[PDB]
Amino acid sequence: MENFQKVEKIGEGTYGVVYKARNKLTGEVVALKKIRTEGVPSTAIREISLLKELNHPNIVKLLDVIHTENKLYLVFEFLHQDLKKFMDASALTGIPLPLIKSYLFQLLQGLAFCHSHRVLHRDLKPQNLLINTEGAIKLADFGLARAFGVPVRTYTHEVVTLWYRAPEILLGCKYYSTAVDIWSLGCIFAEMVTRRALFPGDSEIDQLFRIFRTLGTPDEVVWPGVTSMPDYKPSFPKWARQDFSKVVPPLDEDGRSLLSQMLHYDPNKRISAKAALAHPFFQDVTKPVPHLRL
Ligand SMILES: Nc1nc(N)nc(-c2cc(O)ccc2O)n1
């Protein structure tokens, strides 16, 4: 692109590298993502284009889609910091509960909007949740996984995180439901509260086994159909479920209650974003302003 001027590289997504750029025209500063391949799929540039209409205050706005020279550039609004960075910065002290509750509340509104438009994220994680000084938090990279498909690593040599991957995906399901996003968000919710990733797997089986060790190895009782899943093995060790009081202390009972419904094994039983918004946990929700040092 000749219009912009790569101010800085603000990260390396799984679908390409993201740059902060100043538009020599509008002068506006935006986030410029260079996607990945012999010319980029055509069904892809059509799916992505549809997301320009998926506008919501809790969804990073996709300003433009430019397919040129068999290269794909996505232009997004720019936010100054991602949640992973804010958590690392807040670890010594921990993000205050009121601000954790506000972010979760906003993320669920974002998901509710996307899910109502039959759009799933599929790859939610702290690194693509963006915050601003006004206390807002927004979902980035929505719909990208759909158009494309998470490969071995990423666009290039660099491991993709599995820490937030729903169990049905790890067990080989072919069709993903909106429930996969709820699972990811529950994982992020727990990480904000405890200041440590909930299920930091370093391999697919390790990821699954970390989930089993904490929530109990799933069976036909809690998850009808699970033993019929593609990657399910009768040889999986049988671990007992641990109490949530031990999983996310010292989170209160409303919080633990909501988290438990967000981490139900059966995707059909997992709480929807719409319903999570009505949970007693958000009875006293407010919108605190974060402390960002840009
Ligand atoms: N890691 C990181 N940091 C910052 N500050 N921003 C972004 C960002 C990522 C996107 O995909 C879109 C817009 C953005 O502002 N990503």
# chains A, B, ... in the order shown; residues from 1 in each chain; ligands from 1
$ residues_near_ligand --ligand "ligand 1" --cutoff "9 Å" --atoms "only C-alpha atoms and all ligand atoms" --output "PyMOL selection string"
chain A and resi 9-13+17-20+30-33+60-62+74-85+127-131+139-142
$ write_last_selection --atoms "N, CA, C and O atoms" --output "CSV table (one decimal), in the first residue's frame"
chain,number,residue,atom,x,y,z
A,9,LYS,N,4.7,-2.2,14.0
A,9,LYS,CA,4.1,-3.5,13.9
A,9,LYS,C,3.5,-3.8,15.3
A,9,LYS,O,4.2,-4.0,16.2
A,10,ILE,N,2.2,-3.8,15.3
A,10,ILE,CA,1.5,-4.0,16.6
A,10,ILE,C,1.2,-5.5,16.9
A,10,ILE,O,0.3,-5.7,17.8
A,11,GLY,N,1.8,-6.4,16.2
A,11,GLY,CA,1.5,-7.8,16.5
A,11,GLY,C,1.6,-8.7,15.3
A,11,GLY,O,1.8,-8.2,14.1
A,12,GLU,N,1.5,-10.0,15.5
A,12,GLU,CA,1.6,-11.0,14.4
A,12,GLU,C,0.5,-12.0,14.5
A,12,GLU,O,0.6,-13.0,15.2
A,13,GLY,N,-0.7,-11.6,13.9
A,13,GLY,CA,-1.8,-12.5,14.0
A,13,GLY,C,-1.6,-13.9,13.4
A,13,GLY,O,-0.5,-14.1,12.8
A,17,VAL,N,0.3,-10.5,9.7
A,17,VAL,CA,0.9,-9.5,10.6
A,17,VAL,C,0.1,-8.2,10.6
A,17,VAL,O,-0.4,-7.8,9.5
A,18,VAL,N,0.0,-7.6,11.7
A,18,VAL,CA,-0.8,-6.4,11.9
A,18,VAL,C,0.1,-5.2,12.1
A,18,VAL,O,1.0,-5.2,13.0
A,19,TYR,N,-0.2,-4.1,11.4
A,19,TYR,CA,0.6,-2.9,11.5
A,19,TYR,C,-0.3,-1.7,11.9
A,19,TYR,O,-1.5,-1.7,11.6
A,20,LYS,N,0.3,-0.7,12.5
A,20,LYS,CA,-0.4,0.5,12.9
A,20,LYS,C,0.0,1.4,11.7
A,20,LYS,O,1.2,1.5,11.5
A,30,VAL,N,-5.1,3.8,11.4
A,30,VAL,CA,-5.9,2.6,11.5
A,30,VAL,C,-4.9,1.4,11.7
A,30,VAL,O,-3.7,1.6,11.8
A,31,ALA,N,-5.5,0.2,11.8
A,31,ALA,CA,-4.7,-1.0,11.9
A,31,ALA,C,-4.8,-1.7,10.6
A,31,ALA,O,-5.9,-1.9,10.1
A,32,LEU,N,-3.6,-2.0,10.0
A,32,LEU,CA,-3.5,-2.6,8.7
A,32,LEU,C,-3.0,-4.0,8.8
A,32,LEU,O,-1.9,-4.3,9.1
A,33,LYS,N,-3.9,-5.0,8.5
A,33,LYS,CA,-3.6,-6.4,8.5
A,33,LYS,C,-3.3,-7.0,7.1
A,33,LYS,O,-4.1,-7.0,6.3
A,60,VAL,N,-14.4,-4.7,16.7
A,60,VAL,CA,-13.4,-3.8,16.0
A,60,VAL,C,-14.0,-3.6,14.6
A,60,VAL,O,-14.2,-4.6,13.8
A,61,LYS,N,-14.2,-2.3,14.2
A,61,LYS,CA,-14.7,-2.0,12.9
A,61,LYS,C,-13.8,-2.3,11.7
A,61,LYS,O,-12.6,-1.8,11.7
A,62,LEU,N,-14.2,-3.1,10.8
A,62,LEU,CA,-13.5,-3.4,9.6
A,62,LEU,C,-13.8,-2.3,8.5
A,62,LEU,O,-14.8,-2.2,7.9
A,74,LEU,N,-6.6,-6.0,5.3
A,74,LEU,CA,-7.9,-5.6,6.0
A,74,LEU,C,-7.5,-4.4,6.8
A,74,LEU,O,-6.5,-4.3,7.5
A,75,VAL,N,-8.4,-3.4,6.6
A,75,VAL,CA,-8.1,-2.1,7.3
A,75,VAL,C,-9.2,-2.1,8.4
A,75,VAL,O,-10.4,-2.2,8.2
A,76,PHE,N,-8.7,-2.0,9.7
A,76,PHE,CA,-9.5,-1.9,10.9
A,76,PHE,C,-9.3,-0.6,11.6
A,76,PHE,O,-8.3,0.0,11.5
A,77,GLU,N,-10.2,-0.3,12.5
A,77,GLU,CA,-10.1,0.9,13.4
A,77,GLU,C,-9.0,0.5,14.3
A,77,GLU,O,-8.8,-0.7,14.6
A,78,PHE,N,-8.2,1.5,14.8
A,78,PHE,CA,-7.1,1.2,15.7
A,78,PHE,C,-7.4,1.4,17.1
A,78,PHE,O,-8.0,2.4,17.5
A,79,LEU,N,-7.1,0.4,18.0
A,79,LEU,CA,-7.3,0.5,19.4
A,79,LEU,C,-5.8,0.4,20.0
A,79,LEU,O,-5.0,-0.3,19.4
A,80,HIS,N,-5.5,1.1,21.0
A,80,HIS,CA,-4.2,1.1,21.6
A,80,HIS,C,-3.6,-0.1,22.3
A,80,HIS,O,-2.4,-0.2,22.4
A,81,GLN,N,-4.4,-0.9,22.9
A,81,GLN,CA,-3.9,-2.1,23.6
A,81,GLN,C,-4.8,-3.3,23.6
A,81,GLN,O,-6.0,-3.2,23.6
A,82,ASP,N,-4.2,-4.5,23.6
A,82,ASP,CA,-4.9,-5.7,23.7
A,82,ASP,C,-5.0,-6.2,25.1
A,82,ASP,O,-4.2,-5.8,26.0
A,83,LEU,N,-5.9,-7.1,25.4
A,83,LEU,CA,-6.1,-7.6,26.8
A,83,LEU,C,-5.0,-8.4,27.4
A,83,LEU,O,-4.7,-8.4,28.6
A,84,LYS,N,-4.2,-9.1,26.5
A,84,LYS,CA,-3.1,-9.9,27.0
A,84,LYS,C,-2.1,-8.9,27.6
A,84,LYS,O,-1.5,-9.2,28.6
A,85,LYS,N,-1.9,-7.8,26.9
A,85,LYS,CA,-0.9,-6.8,27.3
A,85,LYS,C,-1.4,-6.1,28.6
A,85,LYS,O,-0.6,-5.8,29.5
A,127,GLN,N,-5.2,-11.8,23.1
A,127,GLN,CA,-4.5,-11.0,22.1
A,127,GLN,C,-5.4,-10.3,21.0
A,127,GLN,O,-4.9,-9.3,20.4
A,128,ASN,N,-6.6,-10.8,20.8
A,128,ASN,CA,-7.5,-10.1,19.9
A,128,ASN,C,-8.7,-9.5,20.5
A,128,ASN,O,-9.7,-9.3,19.9
A,129,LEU,N,-8.6,-9.1,21.8
A,129,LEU,CA,-9.6,-8.4,22.5
A,129,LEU,C,-8.9,-7.1,22.7
A,129,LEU,O,-7.8,-7.1,23.3
A,130,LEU,N,-9.5,-6.0,22.2
A,130,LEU,CA,-8.9,-4.7,22.3
A,130,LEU,C,-9.6,-3.8,23.2
A,130,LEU,O,-10.9,-3.7,23.2
A,131,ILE,N,-8.9,-3.0,23.9
A,131,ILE,CA,-9.5,-2.0,24.9
A,131,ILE,C,-9.0,-0.6,24.6
A,131,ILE,O,-8.0,-0.3,24.0
A,139,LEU,N,-13.9,-7.0,20.2
A,139,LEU,CA,-13.5,-8.3,19.5
A,139,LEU,C,-12.9,-8.0,18.2
A,139,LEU,O,-13.4,-7.3,17.3
A,140,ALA,N,-11.7,-8.5,18.0
A,140,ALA,CA,-11.0,-8.3,16.7
A,140,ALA,C,-10.9,-9.7,16.0
A,140,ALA,O,-11.0,-10.8,16.7
A,141,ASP,N,-10.7,-9.7,14.7
A,141,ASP,CA,-10.6,-10.9,13.8
A,141,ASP,C,-11.8,-11.8,13.7
A,141,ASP,O,-11.7,-13.0,13.5
A,142,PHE,N,-13.0,-11.1,13.9
A,142,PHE,CA,-14.2,-11.9,13.8
A,142,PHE,C,-14.5,-12.3,12.4
A,142,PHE,O,-14.2,-11.6,11.4
$ select_by_dssp --residues "region 113-272 of chain A" --states "strand (DSSP E)" --output "list in words"
residues 129, 130, 131, 137, 138 and 139 of chain A
$ residues_around --residues "residue 102 (chain A)" --least-positions-apart "2" --cutoff "12 Å" --atoms "only C-alpha atoms" --output "PyMOL selection string"
chain A and resi 58+95-100+104-109+131+134-138+189+192+277+281-290
$ write_last_selection --atoms "C-alpha atoms" --output "PDB file, in the first residue's frame"
ATOM      1  CA  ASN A  58     -17.942  -4.056  20.834  1.00  0.00           C
ATOM      2  CA  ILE A  95      -7.659  -6.317  37.169  1.00  0.00           C
ATOM      3  CA  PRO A  96     -10.337  -5.029  39.554  1.00  0.00           C
ATOM      4  CA  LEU A  97     -13.533  -7.096  39.621  1.00  0.00           C
ATOM      5  CA  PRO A  98     -15.767  -4.206  38.475  1.00  0.00           C
ATOM      6  CA  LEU A  99     -13.602  -3.786  35.362  1.00  0.00           C
ATOM      7  CA  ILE A 100     -13.495  -7.579  34.764  1.00  0.00           C
ATOM      8  CA  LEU A 104     -17.075  -9.679  30.145  1.00  0.00           C
ATOM      9  CA  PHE A 105     -20.451  -7.904  29.890  1.00  0.00           C
ATOM     10  CA  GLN A 106     -19.299  -5.987  26.757  1.00  0.00           C
ATOM     11  CA  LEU A 107     -17.693  -9.064  25.175  1.00  0.00           C
ATOM     12  CA  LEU A 108     -20.951 -10.982  25.617  1.00  0.00           C
ATOM     13  CA  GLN A 109     -22.899  -8.123  23.954  1.00  0.00           C
ATOM     14  CA  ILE A 131      -9.475  -2.001  24.875  1.00  0.00           C
ATOM     15  CA  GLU A 134     -12.862   5.013  27.663  1.00  0.00           C
ATOM     16  CA  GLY A 135     -13.437   1.583  29.241  1.00  0.00           C
ATOM     17  CA  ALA A 136     -14.623  -0.217  26.095  1.00  0.00           C
ATOM     18  CA  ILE A 137     -13.399  -3.646  24.947  1.00  0.00           C
ATOM     19  CA  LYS A 138     -13.797  -4.986  21.394  1.00  0.00           C
ATOM     20  CA  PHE A 189     -12.972 -14.649  32.133  1.00  0.00           C
ATOM     21  CA  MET A 192      -8.677 -12.256  34.142  1.00  0.00           C
ATOM     22  CA  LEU A 277     -26.237 -11.192  29.730  1.00  0.00           C
ATOM     23  CA  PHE A 281     -23.676 -11.674  37.925  1.00  0.00           C
ATOM     24  CA  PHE A 282     -24.344  -8.594  35.838  1.00  0.00           C
ATOM     25  CA  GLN A 283     -26.968  -7.268  38.269  1.00  0.00           C
ATOM     26  CA  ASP A 284     -24.537  -4.624  39.519  1.00  0.00           C
ATOM     27  CA  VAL A 285     -22.513  -4.140  36.333  1.00  0.00           C
ATOM     28  CA  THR A 286     -21.008  -0.714  35.675  1.00  0.00           C
ATOM     29  CA  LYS A 287     -18.429   0.690  33.277  1.00  0.00           C
ATOM     30  CA  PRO A 288     -15.141   1.652  35.014  1.00  0.00           C
ATOM     31  CA  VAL A 289     -12.366   3.335  33.060  1.00  0.00           C
ATOM     32  CA  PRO A 290      -9.166   1.315  32.822  1.00  0.00           C
TER      33      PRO A 290
END
$ residues_around --residues "residue 272 (chain A)" --least-positions-apart "2" --cutoff "7 Å" --atoms "only C-alpha atoms" --output "number ranges by chain"
A: 179, 182, 270, 274-276
$ write_last_selection --atoms "N, CA and C atoms" --output "short mmCIF file (atom, residue, chain, number, x, y, z; two decimals), in the first residue's frame"
data_model
loop_
_atom_site.label_atom_id
_atom_site.label_comp_id
_atom_site.auth_asym_id
_atom_site.auth_seq_id
_atom_site.Cartn_x
_atom_site.Cartn_y
_atom_site.Cartn_z
N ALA A 179 -21.46 -21.88 20.49
CA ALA A 179 -21.01 -22.30 21.79
C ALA A 179 -19.47 -22.30 21.92
N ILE A 182 -18.40 -18.95 23.39
CA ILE A 182 -18.76 -18.85 24.80
C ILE A 182 -17.67 -19.58 25.63
N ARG A 270 -24.32 -25.37 26.99
CA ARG A 270 -23.54 -24.17 27.26
C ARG A 270 -24.41 -22.90 27.08
N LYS A 274 -26.60 -14.22 24.71
CA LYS A 274 -27.84 -13.53 25.08
C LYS A 274 -28.26 -13.86 26.51
N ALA A 275 -28.28 -15.14 26.85
CA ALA A 275 -28.67 -15.55 28.20
C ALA A 275 -27.65 -15.18 29.28
N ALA A 276 -26.37 -15.23 28.94
CA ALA A 276 -25.35 -14.89 29.93
C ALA A 276 -25.52 -13.43 30.36
#
$ residues_around --residues "residue 125 (chain A)" --least-positions-apart "4" --cutoff "8 Å" --atoms "only C-alpha atoms" --output "list in words"
residues 129, 164, 184, 185 and 188 of chain A
$ select_by_dssp --residues "region 85-288 of chain A" --states "alpha helix (DSSP H)" --output "ChimeraX atom specification"
/A:85-90,97-116,144-147,167-170,179-194,204-215,244-247,253-262,273-276
$ closest_atom_pairs --of "region 93-134 of chain A" --to "region 43-54 of chain A" --cutoff "12 Å" --atoms "only C-alpha atoms" --output "CSV"
residue,atom,partner,partner_atom,distance
A:110,CA,A:54,CA,10.4
A:111,CA,A:54,CA,11.4
A:112,CA,A:54,CA,12.0
A:113,CA,A:54,CA,8.5
A:114,CA,A:54,CA,7.3
A:115,CA,A:54,CA,10.7
A:116,CA,A:54,CA,10.6
A:117,CA,A:54,CA,8.0
A:118,CA,A:54,CA,10.5
A:119,CA,A:51,CA,8.9
A:120,CA,A:51,CA,11.1
A:121,CA,A:51,CA,11.4
$ residues_around --residues "region 70-72 of chain A" --least-positions-apart "4" --cutoff "9 Å" --atoms "only C-alpha atoms" --output "list in words"
residues 33, 34, 35, 36, 37, 38, 39, 40, 45, 65 and 66 of chain A
$ write_last_selection --atoms "N, CA and C atoms" --output "PDB file, in the first residue's frame"
ATOM      1  N   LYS A  33      -3.923  -4.980   8.481  1.00  0.00           N
ATOM      2  CA  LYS A  33      -3.571  -6.395   8.515  1.00  0.00           C
ATOM      3  C   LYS A  33      -3.269  -7.003   7.139  1.00  0.00           C
ATOM      4  N   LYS A  34      -2.060  -7.533   6.972  1.00  0.00           N
ATOM      5  CA  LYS A  34      -1.667  -8.162   5.710  1.00  0.00           C
ATOM      6  C   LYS A  34      -1.891  -9.672   5.807  1.00  0.00           C
ATOM      7  N   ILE A  35      -2.914 -10.181   5.124  1.00  0.00           N
ATOM      8  CA  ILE A  35      -3.229 -11.611   5.148  1.00  0.00           C
ATOM      9  C   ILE A  35      -2.342 -12.411   4.196  1.00  0.00           C
ATOM     10  N   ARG A  36      -2.428 -13.733   4.308  1.00  0.00           N
ATOM     11  CA  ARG A  36      -1.644 -14.659   3.493  1.00  0.00           C
ATOM     12  C   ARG A  36      -2.032 -14.599   2.015  1.00  0.00           C
ATOM     13  N   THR A  37      -0.660 -20.608  -0.632  1.00  0.00           N
ATOM     14  CA  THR A  37      -1.258 -19.391  -1.164  1.00  0.00           C
ATOM     15  C   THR A  37      -0.635 -19.025  -2.512  1.00  0.00           C
ATOM     16  N   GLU A  38      -1.480 -18.915  -3.532  1.00  0.00           N
ATOM     17  CA  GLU A  38      -1.027 -18.570  -4.874  1.00  0.00           C
ATOM     18  C   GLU A  38      -1.768 -17.351  -5.423  1.00  0.00           C
ATOM     19  N   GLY A  39      -2.748 -16.862  -4.667  1.00  0.00           N
ATOM     20  CA  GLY A  39      -3.503 -15.704  -5.109  1.00  0.00           C
ATOM     21  C   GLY A  39      -4.698 -15.390  -4.231  1.00  0.00           C
ATOM     22  N   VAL A  40      -4.809 -16.099  -3.107  1.00  0.00           N
ATOM     23  CA  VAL A  40      -5.911 -15.907  -2.162  1.00  0.00           C
ATOM     24  C   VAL A  40      -7.255 -16.373  -2.745  1.00  0.00           C
ATOM     25  N   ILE A  45     -12.603 -13.705  -0.177  1.00  0.00           N
ATOM     26  CA  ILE A  45     -12.761 -12.265  -0.363  1.00  0.00           C
ATOM     27  C   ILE A  45     -14.223 -11.850  -0.429  1.00  0.00           C
ATOM     28  N   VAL A  65     -11.459  -3.740   2.766  1.00  0.00           N
ATOM     29  CA  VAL A  65     -10.921  -5.023   2.336  1.00  0.00           C
ATOM     30  C   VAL A  65     -10.310  -4.754   0.962  1.00  0.00           C
ATOM     31  N   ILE A  66      -8.996  -4.925   0.847  1.00  0.00           N
ATOM     32  CA  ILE A  66      -8.301  -4.673  -0.412  1.00  0.00           C
ATOM     33  C   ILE A  66      -7.507  -5.872  -0.935  1.00  0.00           C
TER      34      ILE A  66
END
$ closest_residue --among "A:147, A:193, A:169, A:162" --to "residue 210 (chain A)" --atoms "only C-alpha atoms"
A:162
$ decode --residues "region 233-252 of chain A" --atoms "N, CA, C and O atoms" --output "CSV table (one decimal), in the first residue's frame"
chain,number,residue,atom,x,y,z
A,233,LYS,N,-11.4,-41.2,22.6
A,233,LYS,CA,-10.8,-42.5,22.8
A,233,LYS,C,-11.2,-43.1,24.2
A,233,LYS,O,-11.1,-42.4,25.2
A,234,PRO,N,-11.8,-44.3,24.2
A,234,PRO,CA,-12.2,-45.0,25.4
A,234,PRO,C,-11.0,-45.1,26.4
A,234,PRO,O,-11.2,-45.2,27.6
A,235,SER,N,-9.8,-44.9,25.8
A,235,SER,CA,-8.6,-45.0,26.6
A,235,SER,C,-8.2,-43.7,27.4
A,235,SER,O,-7.3,-43.7,28.1
A,236,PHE,N,-9.0,-42.7,27.2
A,236,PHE,CA,-8.8,-41.4,27.9
A,236,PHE,C,-8.8,-41.6,29.4
A,236,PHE,O,-9.7,-42.3,29.9
A,237,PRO,N,-7.8,-41.1,30.2
A,237,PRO,CA,-7.8,-41.3,31.6
A,237,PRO,C,-9.1,-40.7,32.2
A,237,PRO,O,-9.7,-39.8,31.6
A,238,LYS,N,-9.6,-41.3,33.3
A,238,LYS,CA,-10.9,-40.9,33.9
A,238,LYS,C,-10.6,-40.0,35.1
A,238,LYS,O,-10.5,-40.5,36.2
A,239,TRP,N,-10.6,-38.7,34.9
A,239,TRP,CA,-10.4,-37.7,36.0
A,239,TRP,C,-11.7,-37.2,36.6
A,239,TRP,O,-12.7,-37.0,35.9
A,240,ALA,N,-11.7,-37.0,37.9
A,240,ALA,CA,-12.9,-36.5,38.6
A,240,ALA,C,-12.9,-35.0,38.5
A,240,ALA,O,-11.8,-34.3,38.4
A,241,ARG,N,-14.1,-34.4,38.5
A,241,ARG,CA,-14.2,-32.9,38.3
A,241,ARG,C,-13.8,-32.2,39.6
A,241,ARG,O,-14.0,-32.8,40.7
A,242,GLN,N,-13.2,-31.1,39.5
A,242,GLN,CA,-12.8,-30.3,40.7
A,242,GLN,C,-13.8,-29.2,40.9
A,242,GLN,O,-14.5,-28.8,40.0
A,243,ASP,N,-14.0,-28.7,42.2
A,243,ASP,CA,-15.0,-27.7,42.5
A,243,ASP,C,-14.5,-26.4,42.0
A,243,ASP,O,-13.3,-26.1,42.0
A,244,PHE,N,-15.4,-25.6,41.5
A,244,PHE,CA,-15.1,-24.2,41.0
A,244,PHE,C,-14.6,-23.3,42.0
A,244,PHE,O,-13.9,-22.2,41.7
A,245,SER,N,-14.8,-23.6,43.3
A,245,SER,CA,-14.3,-22.8,44.4
A,245,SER,C,-12.8,-22.9,44.3
A,245,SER,O,-12.1,-21.9,44.8
A,246,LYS,N,-12.3,-24.0,43.8
A,246,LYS,CA,-10.9,-24.1,43.7
A,246,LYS,C,-10.3,-23.7,42.4
A,246,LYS,O,-9.1,-23.4,42.2
A,247,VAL,N,-11.2,-23.6,41.4
A,247,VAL,CA,-10.8,-23.2,40.0
A,247,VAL,C,-10.6,-21.7,39.8
A,247,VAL,O,-9.6,-21.4,39.1
A,248,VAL,N,-11.4,-20.9,40.3
A,248,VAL,CA,-11.3,-19.5,40.1
A,248,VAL,C,-11.5,-18.6,41.4
A,248,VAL,O,-12.2,-17.6,41.4
A,249,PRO,N,-10.8,-19.0,42.5
A,249,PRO,CA,-11.0,-18.2,43.7
A,249,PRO,C,-10.3,-16.8,43.5
A,249,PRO,O,-9.4,-16.7,42.7
A,250,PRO,N,-10.8,-15.8,44.1
A,250,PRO,CA,-11.9,-15.9,45.1
A,250,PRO,C,-13.2,-15.4,44.5
A,250,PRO,O,-14.1,-15.0,45.2
A,251,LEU,N,-13.4,-15.6,43.2
A,251,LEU,CA,-14.6,-15.1,42.5
A,251,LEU,C,-15.8,-15.5,43.3
A,251,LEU,O,-15.9,-16.7,43.8
A,252,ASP,N,-16.8,-14.6,43.4
A,252,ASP,CA,-18.0,-14.9,44.1
A,252,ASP,C,-19.0,-16.0,43.5
A,252,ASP,O,-18.7,-16.4,42.3
